[PDB]
Amino acid sequence: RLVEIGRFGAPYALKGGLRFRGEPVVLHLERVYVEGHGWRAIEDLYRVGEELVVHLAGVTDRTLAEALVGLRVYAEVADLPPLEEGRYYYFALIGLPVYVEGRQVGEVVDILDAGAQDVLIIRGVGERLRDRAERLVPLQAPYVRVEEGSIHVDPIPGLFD
Amino acid sequence: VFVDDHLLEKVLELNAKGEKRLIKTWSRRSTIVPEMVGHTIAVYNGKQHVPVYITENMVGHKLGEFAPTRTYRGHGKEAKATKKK
């Protein structure tokens with residue numbers, strides 16, 4: 001499974017270096033899959049100002065670099081560095097069913113980084129809830145539980161209201 | 001530094017009952033006080049109320065600091081990792 005980790009910005013210098021816009025998870029990868037181009041080994045990577053520059057095998061001059069500008073960058077899920085117990089990749093949570101007292105009430109459609117905490121955006125499922133507004137829930141709230149393949153919430157009054 | 005009376009009143013009311021209920025507020029300026037620790041406050045960001053589970057660390061900060069707009073879409077957002085639970 002491929003997951004989007006970033007997107008290439010404009011070329012940097014004249015050796016094929018490419019500004020990388022995305023998650024710093026790219027610092028621990030040996031290769032990335034480039035949209036429309038396939039796997040490429042990461043020859044080098046470094047920082048310039050507030051940006052990160054990537055050097056892929058084959059991309060050795062500005063011209064070859066421009067061809068990749070604007071293209072999305074993907075990583076094999078298995079290549080992502082493992083997380084400590086209690087932490088999860090956004091893609092692993094998005095799409096999961098949400099339960100309240102053993103019953104499905106929704107589906108995670110997105111997660112908002114509120115800086116201190118992460119906020120799950122849940123979409124109702126089923127004719128009755130499918131057309132309500134999105135419901136938000138702090139992931140780190142004590143009344144929220146993450147299980148393999150699902151999320152559970154013990155709704156306090158007003159949470160889903 | 002100030003706490004929206006309305007919001008504080010609601011919080012005090014809840015603490016006296018021992019209840020935990022989502023509290024909605026449009027006051028992003030109000031400062032977080034210890035009485036709010038353990039509560040879930042939904043702060044308005046202009047379009048939605050972003051829920052915040054108040055922790056000790058948040059005491060002293062402004063509620064707005066935890067309710068950003070969902071305006072920016074970040075590249076590779078799905079590769080982000082959640083803050084440890």
# chains A, B, ... in the order shown; residues from 1 in each chain; ligands from 1
>>> interface_residues(of="chain B", to="chain A", cutoff="10 Å", atoms="only C-alpha atoms", output="NGL selection string")
:B and (19-24 or 38-42 or 48-55 or 57-58 or 64-70 or 73-85)
>>> residues_around(residues="residue 56 of chain A", least_positions_apart="5", cutoff="9 Å", atoms="only C-alpha atoms", output="PDB file with C-alpha atoms, in the first residue's frame")
ATOM      1  CA  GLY A  16      18.777  17.833  -9.673  1.00  0.00           C
ATOM      2  CA  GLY A  17      17.936  18.619  -6.073  1.00  0.00           C
ATOM      3  CA  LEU A  18      14.192  19.079  -5.526  1.00  0.00           C
ATOM      4  CA  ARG A  31      13.221   5.290  -1.682  1.00  0.00           C
ATOM      5  CA  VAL A  32       9.997   6.950  -2.741  1.00  0.00           C
ATOM      6  CA  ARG A  40      13.362   6.102  -7.113  1.00  0.00           C
ATOM      7  CA  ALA A  41      16.170   5.644  -4.622  1.00  0.00           C
ATOM      8  CA  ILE A  42      16.986   8.575  -2.379  1.00  0.00           C
ATOM      9  CA  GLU A  43      20.611   9.417  -3.036  1.00  0.00           C
ATOM     10  CA  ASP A  44      20.773  12.426  -0.753  1.00  0.00           C
ATOM     11  CA  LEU A  45      18.695  14.741   1.390  1.00  0.00           C
TER      12      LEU A  45
END
>>> atom_distance(atom1="atom CA of residue 34 of chain B", atom2="atom CA of residue 56 of chain B")
7.1 Å
>>> atom_distance(atom1="atom CA of residue 57 of chain A", atom2="atom CA of residue 27 of chain A")
15.9 Å
>>> residues_around(residues="segment 123-127 of chain A", least_positions_apart="6", cutoff="8 Å", atoms="only C-alpha atoms", output="tab-separated table (two decimals) with N, CA, C and O atoms, in the first residue's frame")
chain	number	residue	atom	x	y	z
A	104	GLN	N	-22.14	0.85	15.33
A	104	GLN	CA	-21.50	1.79	14.41
A	104	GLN	C	-22.33	3.06	14.25
A	104	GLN	O	-23.51	2.99	13.92
A	105	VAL	N	-21.72	4.21	14.51
A	105	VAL	CA	-22.42	5.49	14.37
A	105	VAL	C	-21.81	6.32	13.24
A	105	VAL	O	-22.46	7.21	12.69
A	106	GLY	N	-20.56	6.03	12.90
A	106	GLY	CA	-19.93	6.81	11.85
A	106	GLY	C	-18.70	6.21	11.21
A	106	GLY	O	-18.43	5.02	11.30
A	107	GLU	N	-17.93	7.08	10.57
A	107	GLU	CA	-16.73	6.69	9.85
A	107	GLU	C	-15.79	7.88	9.90
A	107	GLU	O	-16.20	9.01	9.65
A	108	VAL	N	-14.52	7.66	10.23
A	108	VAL	CA	-13.57	8.76	10.26
A	108	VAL	C	-13.28	9.22	8.82
A	108	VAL	O	-12.84	8.43	7.99
A	109	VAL	N	-13.55	10.49	8.51
A	109	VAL	CA	-13.29	11.00	7.17
A	109	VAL	C	-12.06	11.90	7.11
A	109	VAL	O	-11.56	12.19	6.03
A	133	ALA	N	-24.38	16.85	10.31
A	133	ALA	CA	-23.12	17.57	10.18
A	133	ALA	C	-21.98	16.65	10.64
A	133	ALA	O	-22.22	15.60	11.24
A	134	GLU	N	-20.75	17.04	10.35
A	134	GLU	CA	-19.62	16.24	10.77
A	134	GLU	C	-19.49	16.39	12.27
A	134	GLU	O	-19.78	17.45	12.83
A	135	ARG	N	-19.06	15.32	12.94
A	135	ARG	CA	-18.87	15.35	14.38
A	135	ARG	C	-17.38	15.35	14.67
A	135	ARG	O	-16.60	14.66	14.01
>>> select_by_dssp(residues="segment 94-146 of chain A", states="strand (DSSP E)", output="NGL selection string")
:A and (97-100 or 103-113 or 118-124 or 135-138 or 144-146)
>>> select_by_dssp(residues="chain B", states="helix (DSSP H, G or I)", output="list in words")
residues 5, 6, 7, 8, 9, 10, 11, 12, 13, 14, 15, 16, 17, 34, 35, 36, 56, 57, 58, 63, 64, 65, 66, 77, 78 and 79 of chain B
>>> atom_distance(atom1="atom CA of residue 68 of chain A", atom2="atom CA of residue 39 of chain A")
12.8 Å
>>> residues_around(residues="residue 3 of chain B", least_positions_apart="3", cutoff="10 Å", atoms="only C-alpha atoms", output="list in words")
residues 6, 7, 8, 9, 27, 28, 29, 30, 31, 32, 33, 62 and 63 of chain B
